[PDB]
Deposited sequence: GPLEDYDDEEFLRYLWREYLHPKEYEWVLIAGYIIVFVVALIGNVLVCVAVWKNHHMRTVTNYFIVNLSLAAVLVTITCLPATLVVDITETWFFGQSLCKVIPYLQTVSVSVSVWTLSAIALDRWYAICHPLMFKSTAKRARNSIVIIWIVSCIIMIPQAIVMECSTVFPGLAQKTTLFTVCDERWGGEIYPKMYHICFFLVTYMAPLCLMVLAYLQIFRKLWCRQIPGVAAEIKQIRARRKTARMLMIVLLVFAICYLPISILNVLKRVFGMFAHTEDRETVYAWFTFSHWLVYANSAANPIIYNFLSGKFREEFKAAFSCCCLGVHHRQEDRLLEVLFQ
């Protein structure tokens, strides 16, 4: 019945470019799944790629796979049909997992930046242990799961031809705004500022400093320059892809914009593009790894050769 009502709605409100959205979501799904699985496989199969940065990259790819499997189809269905179709339990699950994984990814990138800063900029050049990396990953996951509990709490399937949509139901008109201010500060603003500061210091230390005399330090500097360039490009892509969705969420929840405007077409186009951009970044990270890491490129080629021959 709900599907029939969608057919009535989509007929009376015909959208021009649903097919390009479907094609883009399918391409993003396939590319993200393949690339993140290949990243995990490449790091886990070989030991020369087993670095703390690569452990954090593996955690990021695991979160990306979780989002791609559990959250991408639901987001596509909601953006196409504007209805939920999945039920109260799946609704309390899927946005919760999506927000948890977004926090996990941003704080994993922050952990990478902090470890690189400790190794490069700190006067002691700390070398992190695998125990510390695994503990950091575990605490990131636990904190992300804890802080997103109210997000899963406020998800409700409203039933307001009409449609059934799962959205955020709050008691007051102030609590959502404070919660979303905190959400924006935790997921996008503060981690991005800290990572920008850390990578600016790293860039000064690696590209604005004299070349040492010891050959081992020279090789270390070259390797760290390549890795830091890859990390900075990954951070820039992440910031670009997550800027629109975070800004739109702030404008809709905190400032209460897009409410009294009857121009839902442009607003919905921007919202669905921002939704697509998150999964697009999830798909683009492995491509960045392939095009900026020689070891990752070689291991992707090796995995392709094994799977195809």
*Give the ranges of the deposited sequence, numbered from 1, for which the structure holds no C-alpha coordinates, in sequence order.*
1 to 8, 169 to 176, 326 to 341
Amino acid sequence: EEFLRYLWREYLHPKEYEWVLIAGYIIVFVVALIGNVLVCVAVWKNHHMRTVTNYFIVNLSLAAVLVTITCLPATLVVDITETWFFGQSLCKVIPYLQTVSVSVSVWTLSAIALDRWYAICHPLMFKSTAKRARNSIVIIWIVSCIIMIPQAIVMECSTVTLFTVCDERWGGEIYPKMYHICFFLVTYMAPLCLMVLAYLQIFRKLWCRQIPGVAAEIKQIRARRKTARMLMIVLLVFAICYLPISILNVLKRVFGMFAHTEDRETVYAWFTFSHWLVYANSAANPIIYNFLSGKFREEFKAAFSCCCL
From here on, numbers count along this sequence of modelled residues.
*On mean C-alpha B-factor from the PDB entry, just flag whether 145 to 153 or 232 to 240 is the higher one.*
145 to 153
*asked:* Per the record, averaged over C-alpha atoms, which has the higher B-factor: 23 to 31 or 38 to 46?
replied: 38 to 46
_Candidate set 206, 162, 72, 78 [ranked by C-alpha B-factor, highest]_ = 162
*Between 57, 64, 277, 257, which one tops the list for C-alpha B-factor in the PDB entry?*
257
*By the record's CA B-factor, is residue 82 among the lowest, middle or highest third of residues in the chain?*
middle
_Entry-reported Cα temperature factor of residue 170, expressed as the chain third it lands in_ = highest
*asked:* Looking at the temperature factor on the CA atom of residue 176, which third of the chain's modelled residues does it land in?
replied: highest
_Is residue 269 in the lowest, middle or highest third of its chain when residues are ranked by C-alpha B-factor?_
highest
*If you rank the chain by CA B-factor, which third does residue 187 end up in: lowest, middle or highest?*
lowest
